[PDB]
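So here's one chain in two forms, each on its own in structure tokens, numbered structure 1 and structure 2.
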Structure 1
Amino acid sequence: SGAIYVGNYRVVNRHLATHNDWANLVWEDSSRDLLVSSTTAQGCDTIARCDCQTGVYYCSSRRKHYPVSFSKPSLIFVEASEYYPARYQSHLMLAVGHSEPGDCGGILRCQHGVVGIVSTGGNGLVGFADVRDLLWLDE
């Protein structure tokens, strides 16, 4: 589990979105595994606005924060699941590292702030859904 809280928006994995996220939907994108919903309180997470390729991610399955080198966001093949069929998920970044399905929602961070959240995994490769391009989260 896990979310990003910035201004009056909440960012979660689209496959883990609640009924309340859907009732207060701002924007969702199946191909990115992203959903944004509105909040009453004002969040204060800082979004990175960079091209960093090193960061630190939180892994709930190990109660540890790990440093990783990740690829630039792109279209990558993600195996079928109970949430989506076999598809190409866009804006995805991979890193050599540990992850389990329940690790989705953990934040990836660089020196400049929040980069994105855990979204895919397997084969010892963790996939992060990027958020640095969503400039409207700050405005």
Structure 2
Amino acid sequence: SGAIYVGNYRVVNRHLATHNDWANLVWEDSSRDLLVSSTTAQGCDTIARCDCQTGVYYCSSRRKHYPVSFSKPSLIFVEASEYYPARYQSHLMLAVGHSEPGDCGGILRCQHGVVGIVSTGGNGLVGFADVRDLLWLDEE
């Protein structure tokens, strides 16, 4: 589990979105595994605006933050998980590291702020759904 709280937005994995998220929907995209809902309170998470390929992510299944290299956001084939069939996922970054389904929502951060959230796992890789292209998270 986990979310990003930026301005009056809440960013979660689409597969973990609640009823309240859907009842306050701003934007969602199944191919990216992202959903954004509106918040009453202002969040303070800074979104990275950059092309960094190094950062640190939180792994809830290890109670640890790990430094990783990661690929630029791409369209990748993802093998079946507990929560999605085998399919293509877009705007996805991969690193070598540990990820189990419960790890989804863990923050990946660089020197510029929040890069994205854990979205995929298995075969010794961790996949992160990028948010750095969502420039509207910063406004309205």
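For the two forms, the rigid core is made up of the largest set of C-alpha atoms that agree within 1.5 Å on superposition. Only residues modelled in both forms are compared. Numbers follow structure 1, counted from its first residue as 1.
- Of the residues listed here (90, 71, 60, 81), only one shifts its CA by 2 angstroms or more between structures 1 and 2 after fitting on the rigid core, and it is 81.
- Taking the rigid core as reference, the CA displacement of residue 99 between structures 1 and 2 comes to 1.1 Å.
- Superposition on the rigid core leaves 79-86 as the sole run of at least three consecutive shared residues whose Cα positions differ by 2 Å or more between structures 1 and 2.
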